[PDB]
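Count along the sequence shown starting at 1, add 4, and that's the number in the deposited numbering.
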Amino acid sequence: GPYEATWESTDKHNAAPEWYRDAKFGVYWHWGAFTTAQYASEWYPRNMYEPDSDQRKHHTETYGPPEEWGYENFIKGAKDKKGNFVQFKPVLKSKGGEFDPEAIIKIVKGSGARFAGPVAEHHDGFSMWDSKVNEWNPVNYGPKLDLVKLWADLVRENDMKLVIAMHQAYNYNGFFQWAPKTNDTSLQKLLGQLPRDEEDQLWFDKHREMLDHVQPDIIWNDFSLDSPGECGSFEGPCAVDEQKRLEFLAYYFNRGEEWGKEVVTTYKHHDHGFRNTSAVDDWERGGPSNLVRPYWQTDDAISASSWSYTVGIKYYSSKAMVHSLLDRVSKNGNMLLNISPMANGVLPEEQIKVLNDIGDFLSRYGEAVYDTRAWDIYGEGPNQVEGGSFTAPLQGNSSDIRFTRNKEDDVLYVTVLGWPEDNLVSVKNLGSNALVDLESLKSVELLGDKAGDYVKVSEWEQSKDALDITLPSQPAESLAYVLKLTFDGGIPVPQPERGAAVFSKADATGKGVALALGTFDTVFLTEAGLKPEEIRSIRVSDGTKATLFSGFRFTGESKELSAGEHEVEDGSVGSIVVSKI
Ligand SMILES: *[C@@H]1O[C@H](CO)[C@@H](O[C@@H]2O[C@H](CO)[C@@H](O[C@@H]3O[C@H](CO[C@H]4O[C@H](CO)[C@@H](O)[C@H](O)[C@@H]4O)[C@@H](O)[C@H](O[C@H]4O[C@H](CO)[C@@H](O)[C@H](O)[C@@H]4O[C@H]4O[C@H](CO)[C@@H](O)[C@H](O)[C@@H]4O[C@H]4O[C@H](CO)[C@@H](O)[C@H](O)[C@@H]4O)[C@@H]3O)[C@H](O)[C@H]2NC(C)=O)[C@H](O)[C@H]1NC(C)=O
Ligand SMILES: *[C@@H]1O[C@H](CO)[C@@H](O[C@@H]2O[C@H](CO)[C@@H](O[C@@H]3O[C@H](CO)[C@@H](O)[C@H](O[C@H]4O[C@H](CO)[C@@H](O)[C@H](O)[C@@H]4O[C@H]4O[C@H](CO)[C@@H](O)[C@H](O)[C@@H]4O[C@H]4O[C@H](CO)[C@@H](O)[C@H](O)[C@@H]4O)[C@@H]3O)[C@H](O)[C@H]2NC(C)=O)[C@H](O)[C@H]1NC(C)=O
Ligand SMILES: *[C@@H]1O[C@H](CO)[C@@H](O)[C@H](O)[C@H]1NC(C)=O
Ligand SMILES: *[C@@H]1O[C@H](CO)[C@@H](O)[C@H](O)[C@H]1NC(C)=O
Ligand SMILES: C[C@@H]1O[C@H](O)[C@@H](O)[C@H](O)[C@@H]1O
Ligand code: NA
Numbered sequence: 005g006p007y008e009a010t011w012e013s014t015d016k017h018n019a020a021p022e023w024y025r026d027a028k029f030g031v032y033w034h035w036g037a038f039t040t041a042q043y044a045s046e047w048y049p050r051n052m053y054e055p056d057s058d059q060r061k062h063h064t065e066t067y068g069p070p071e072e073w074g075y076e077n078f079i080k081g082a083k084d085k086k087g088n089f090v091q092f093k094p095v096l097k098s099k100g101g102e103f104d105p106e107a108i109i110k111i112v113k114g115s116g117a118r119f120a121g122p123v124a125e126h127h128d129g130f131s132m133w134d135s136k137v138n139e140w141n142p143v144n145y146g147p148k149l150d151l152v153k154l155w156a157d158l159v160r161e162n163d164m165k166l167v168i169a170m171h172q173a174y175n176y177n178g179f180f181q182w183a184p185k186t187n188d189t190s191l192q193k194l195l196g197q198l199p200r201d202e203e204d205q206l207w208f209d210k211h212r213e214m215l216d217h218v219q220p221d222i223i224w225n226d227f228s229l230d231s232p233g234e235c236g237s238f239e240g241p242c243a244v245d246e247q248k249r250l251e252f253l254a255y256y257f258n259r260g261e262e263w264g265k266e267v268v269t270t271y272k273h274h275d276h277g278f279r280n281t282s283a284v285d286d287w288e289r290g291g292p293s294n295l296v297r298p299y300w301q302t303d304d305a306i307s308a309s310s311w312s313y314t315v316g317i318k319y320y321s322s323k324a325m326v327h328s329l330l331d332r333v334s335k336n337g338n339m340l341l342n343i344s345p346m347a348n349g350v351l352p353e354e355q356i357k358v359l360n361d362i363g364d365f366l367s368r369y370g371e372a373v374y375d376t377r378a379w380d381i382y383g384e385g386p387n388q389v390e391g392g393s394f395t396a397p398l399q400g401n402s403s404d405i406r407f408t409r410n411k412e413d414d415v416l417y418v419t420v421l422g423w424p425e426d427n428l429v430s431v432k433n434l435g436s437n438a439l440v441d442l443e444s445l446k447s448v449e450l451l452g453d454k455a456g457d458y459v460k461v462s463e464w465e466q467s468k469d470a471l472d473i474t475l476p477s478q479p480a481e482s483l484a485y486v487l488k489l490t491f492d493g494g495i496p497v498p499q500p501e502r503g504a505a506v507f508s509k510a511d512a513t514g515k516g517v518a519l520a521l522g523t524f525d526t527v528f529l530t531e532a533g534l535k536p537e538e539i540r541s542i543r544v545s546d547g548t549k550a551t552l553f554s555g556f557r558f559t560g561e562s563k564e565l566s567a568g569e570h571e572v573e574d575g576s577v578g579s580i581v582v583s584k585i
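Structure representation (structure tokens):
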């Protein structure tokens, strides 16, 4: 194939193809041998060995000391302290058991997911496909089923793109740091104790074997690709050999070409192991606080506990999941939602209800979500995401709106996160203070009870503070409500209260991009719809300054501009920093 194992060659791969930007919402599942204990989290295989931990205490009381009853017993099977046989061994419904993967995939399809699939290998060394390179798999042991192939075939039967999640780097970069050393070479493979050159090779061989086996549309990767300092107390680079990373990228991108498919690979945002030229950044739970470019994704979970089922697990609400989805999509990302089947393969009814409720929302209001793109401002209102460390998912109300727009850039969707009891939606960024001319606003419509229904909004006025929209009669109840604003000849470019707007003509007209406070490089401005070489004017808000740089990313000659309108020489700007005075 045309890709070579170098950064410069692999950079040419299109990171986020149009189908992936259109998709918005996917579902995956942390289900595996790490679920067997149904205790604490999916990190149980690591923590069962940790000195003085709650997980070790539980393990020791339930099974035996971890030095005698090691993690490998969950895969190969053993008796617990009360003489019960314990093993990861889901039994198909068609064989009289409780594991019904077809039913689960129908539920996932019904949720509105446009991509779906399993965690194929987490950090615990167990590959869930029929693997020649790793004997630690569910065909050799346990259920005698190729779980990954079963899931993949069902996902394709149900007309969703296939995502496969792979977390196999941390396996040998510290996950099993507390497991006893072993001279059993097979057990060393499970526990990440092989020589590092062999482990680096195995990281690649696992990816290669899996991706040739199921032809994934997306390969999702966890951390420890090159994330020094993120592997706790283990002495090591918290990384995969660079050559092996590059060989993976070239192999997968070449296979995509061979298959006639536009493929995607994701990696954790903070990790340095891949580049954002060719791989999609996957933000920590909650996502970014701001609108980020280029296109990115984040993962979330129904569970309010761990990623994998545990006894006593608590869940978040349908509302939180839907509001979270709208938030991520408005900020130029996708949301990949995790679900948590029990060790036996049963999906709990509380999770089914959440998925059903997301699906009801998307079936009805999908026009505002699928196939849309972010505006230049993600939303308005008091309820926001902080970023950094996740506490609880976003839940908004009638005070909050999130924006999305169509590909033609003449329809703005204004999604309000509750029904306003005052029957008013006020859009600050379309008010007169926003320097927005609404002469071109042709229609304002409320999306109705079923997709394709529109109820006209008759009354609206533009104050200084906002476009003030009076709602018609409330439609059937929903978790959020959608207004559709159609403009002749393109959505107006708002002026942020503190921020700037850049334009393709010299007089603050033409194509434009609104900018908040922050830093905006050539990639940002280009993706937002205005290559910086084409900027010919800028309007800087009161209380704000803008610093223009000639370089791609805040290097080269710079010029500071205060509040007002300013002409800009063609080809003079590469990047911009917008700051509060
Ligand atoms: C995709 O991946 C790529 C690759 O990993 C990511 O690219 C990296 O992006 C980084 C963030 O933009 C970028 O880092 C910036 O580099 C600038 C240039 O550095 C080079 O030149 C300078 C000057 O010679 C050298 O000193 C330097 O060592 C480099 O060789 C730096 O200038 C940037 O530093 C400034 O910003 C950071 C915040 O990112 C501050 O912590 C820092 O103190 C600096 O702060 C000033 O400037 C920023 C403007 O960026 C202002 O916001 C801030 O208020 C400070 O303002 C003072 O100074 C400015 C003049 O600089 C003045 O106008 C102002 O009034 C103030 O006096 C920063 O370090 C990496 O270089 C880049 N890497 C590569 C390989 O490209 C990319 O981000 C990824 N994409 C996404 C979406 O994540
Ligand atoms: C005090 O403050 C100062 C100033 O902030 C701090 O200095 C900074 O310290 C950084 C850490 O040392 C230093 O970054 C390093 O810079 C070198 C030179 O550019 C760079 O090579 C380093 O990158 C390697 O190492 C990191 C950390 O593990 C990896 O994430 C990264 O992938 C690189 O790994 C490659 O090189 C390693 C050997 O160094 C190999 O072991 C590794 O396998 C890997 O090799 C592969 O990749 C190579 C290409 O990357 C390839 O050639 C090779 O063949 C293999 O394929 C790292 O970024 C900053 O430069 C430095 N800043 C300044 C201004 O000095 C200082 O740390 C502070 N002190 C304290 C106590 O905190
Ligand atoms: C494992 O093999 C090494 C090398 O022969 C040996 O030193 C060590 O004692 C062995 N481990 C055990 C538990 O016997
Ligand atoms: C919506 O949430 C905001 C922020 O917590 C709050 O100030 C406002 O009163 C809420 N509105 C309603 C109707 O509860
Ligand atoms: C999605 C989460 O990513 C983290 O890096 C992992 O360590 C967790 O177990 C989980 O898979
Ligand atoms: Na690219």
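A virtual CB, placed ideally from N, CA and C, is assigned to each residue, including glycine.
Between residue i and ligand 6, is there a pair consisting of the residue's CB and a ligand heavy atom that are separated by less than 8 Å?
i      : result
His17  : yes
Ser444 : no
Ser282 : yes
List the whole-angstrom C-beta distance separating residue i from residue j, where the pair is believed to meet the contact cut-off of C-beta under 8 Å.
i      : j      : result
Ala82  : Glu251 : Contact flag wrong, Cβ pair sits at about 38 Å.
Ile79  : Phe92  : 6 Å
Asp15  : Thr281 : 4 Å
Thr474 : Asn433 : Rounded, the Cβ-Cβ distance is 18 Å, inconsistent with contact.
What does the alpha-carbon distance come out to for the pair residue i and residue j?
i      : j      : result
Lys515 : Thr523 : 20 Å
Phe103 : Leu450 : 42 Å
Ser579 : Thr530 : 10 Å
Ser228 : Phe208 : 14 Å
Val143 : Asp216 : 17 Å
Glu390 : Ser293 : 6 Å
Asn437 : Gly291 : 30 Å
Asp457 : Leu487 : 12 Å
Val315 : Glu353 : 14 Å
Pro498 : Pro479 : 30 Å
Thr548 : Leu521 : 8 Å
Is the closest heavy atom of ligand 3 to the C-beta of residue i under 8 Å?
i      : result
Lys185 : yes
For a test of your reading of the model: does the CB of residue i fall under 8 Å from any non-hydrogen atom of ligand 2? Yes or no.
i      : result
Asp245 : yes
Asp230 : yes
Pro241 : yes
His273 : no
Return yes when the C-beta of residue i is under 8 Å from any heavy atom of ligand 4, and no when it is not.
i      : result
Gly383 : no
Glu22  : no
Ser402 : yes
Does the beta carbon of residue i fall short of 8 Å from some heavy atom of ligand 5?
i      : result
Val123 : yes
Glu46  : yes
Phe257 : no
Just to confirm, does residue i get its C-beta within under 8 Å of one of the non-hydrogen atoms of ligand 1?
i      : result
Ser554 : no
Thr408 : no
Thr559 : yes
Taking 8 Å as the cut-off, does the segment 371 to 383 touch the segment 125 to 132 (at least 3 CB pairs, one atom from each stretch)? no
For the structure I just gave you, are there three or more beta carbon pairs, one from the segment 505 to 515 and one from the segment 535 to 555, closer than 8 Å? These segments touch.
For the structure I just gave you, are there three or more beta carbon pairs, one from the segment 325 to 344 and one from the segment 480 to 487, closer than 8 Å? Counting C-beta pairs with one atom in each stretch, the segment 325 to 344 and the segment 480 to 487 have three or more that are closer than 8 Å, which means they touch.
Examine the Cβ distances between the segment 39 to 53 and the segment 61 to 80 and report whether three or more of them are shorter than 8 Å. A contact exists between the segment 39 to 53 and the segment 61 to 80.
Jot down the residue ranges of each uninterrupted beta strand (DSSP E) in the segment 409 to 485, minimum 3 residues, whole runs only, in chain order. Counting whole runs of 3 or more residues, the segment 409 to 485 contains the beta strand (DSSP E) stretches 415 to 420, 428 to 431, 445 to 451, 458 to 460, 464 to 466, 471 to 474.
Is the number of C-beta pairs between the segment 400 to 419 and the segment 343 to 356 that are closer than 8 Å three or more? no
Entirely enclosed alpha helix (DSSP H) segments - the segment 287 to 346, minimum 4 residues: Under the rule that a run must span 4 or more residues, the alpha helix (DSSP H) segments found entirely inside the segment 287 to 346 read 322 to 334.
Across the segment 329 to 340 and the segment 301 to 311, are there enough close Cβ pairs to call them in contact, namely three or more that are closer than 8 Å? Between the segment 329 to 340 and the segment 301 to 311 there are three or more inter-stretch CB-CB distances shorter than 8 Å, so the stretches are counted as touching.
So, does the segment 110 to 128 touch the segment 28 to 47, judging by three or more C-beta pairs under 8 Å? Contact between the segment 110 to 128 and the segment 28 to 47 is present: 3 or more CB-CB pairs across the two stretches fall below 8 Å.
Taking 8 Å as the cut-off, does the segment 259 to 267 touch the segment 212 to 226 (at least 3 CB pairs, one atom from each stretch)? yes
If contact is defined by three or more beta carbon pairs under 8 Å, each pair taking one atom from either stretch, is the segment 148 to 161 in contact with the segment 185 to 201? no
Those runs of the beta strand (DSSP E) which lie wholly inside the segment 125 to 172 and span at least 3 residues: 165 to 170
Okay, do the segment 390 to 403 and the segment 357 to 369 touch, 3+ Cβ pairs below 8 Å being the bar? No, the segment 390 to 403 is not in contact with the segment 357 to 369.
Quick check on the DSSP output: what are the complete alpha helix (DSSP H) runs of length 4 or more inside the segment 37 to 77, in order along the chain? Counting whole runs of 4 or more residues, the segment 37 to 77 contains the alpha helix (DSSP H) stretches 48 to 51, 58 to 66.
Determine, using beta-carbon pairs with one atom in the segment 348 to 357 and one in the segment 95 to 115, whether at least three such pairs fall under 8 Å. yes
Can you list the beta strand (DSSP E) stretches of 3 or more residues lying completely in the segment 98 to 127, in chain order? 119 to 125
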